[PDB]
Structure formats: structure tokens, C-alpha cells
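Let me begin by presenting the structure, written as C-alpha cells, before commenting on it.
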Amino acid sequence: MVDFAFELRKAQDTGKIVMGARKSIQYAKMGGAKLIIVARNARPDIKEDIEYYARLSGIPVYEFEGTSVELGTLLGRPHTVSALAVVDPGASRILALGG
């Protein structure tokens, strides 16, 4: 099974990700990510904008089952992260979550 926590870290360390709602929306807009991940408690309008821009470009969106606190912690940050975009999956299987 594709293990979200492990593969996300592996993408972070061997590929390229960008963190936060601001950059995640930008990258969805420009068609410059391969997956957008949102925390379950991402702000409704931010979820909706991400889902919309990703749909325009054919970019899958995956909702992480935990909070932005948990997502931040997984990503090695002492702050919330409510969304991120995987630009390059590196050696990871993270894009399998896009279905």
C-alpha cells in the first residue's frame, strides 16, 4: 500500500514540493504541479479554489485525513500547512494517491 506519510516525506527529500495555500494555488493555476494535497481543515474557499484550478489543468487533488497541524509536523515544520503541491515526486510513489 502507498503510505502517505512516508511517500510525502520521500517526495519532499528526493523531488520538489511547494508548501502553503498561496504557492499551491499558484502552481495549480499555472499547471505546474502533479498533485495538490490539502489538509482536511483547509479553509473552505481555499479548498474550493485549489479543486477548481486543479480541475482546469487535470491535476489530481488529495485530501489528507489530518489537520494542518499534523500536515505541518509531517513536513518537518513547527507551523500549520493547509496545502502543498508536489512539483516533482522524486523517487516517491506519492502520485499514486491521485488515482
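Each chain in the C-alpha cells gets a letter, A, B and so on, in the order shown; residues start at 1 in every chain, and ligands are counted from 1 in the order they appear.
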
key: chain A: residues DSSP assigns to alpha helix (DSSP H), reported as a count of residues only   = 42

query = Skipping near chain neighbours, those fewer than 5 positions away, what residues fall within 9 Å of residue 93 (chain A) using only C-alpha atoms, listed as a list in words?
reply = residues 2, 3, 4, 7, 8, 10 and 11 of chain A

message = Which residues are close to region 74-80 of chain A, i.e. within 7 Å by only C-alpha atoms, leaving aside same-chain residues fewer than 4 positions away? Reply as number ranges by chain.
response = A: 5, 9, 68-70

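Distance check against residue 88 (chain A) using only C-alpha atoms: of A:37, A:18, A:50, A:1, the minimum falls on A:18.
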
task = Determine the nearest neighbour of residue 54 (chain A) from the options A:98, A:90, A:72, A:20, counting only C-alpha atoms.
result =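 The shortest atom-to-atom distance to residue 54 (chain A) comes from A:98.
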
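Shortest atom-to-atom contact with residue 22 (chain A) among A:97, A:81, A:57, A:62: A:81, counting only C-alpha atoms.
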
Atomic distance CA of residue 46 (chain A) - CA of residue 95 (chain A), expressed in Å with one decimal =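 Rounded to one decimal, the two atoms are 21.2 Å apart.
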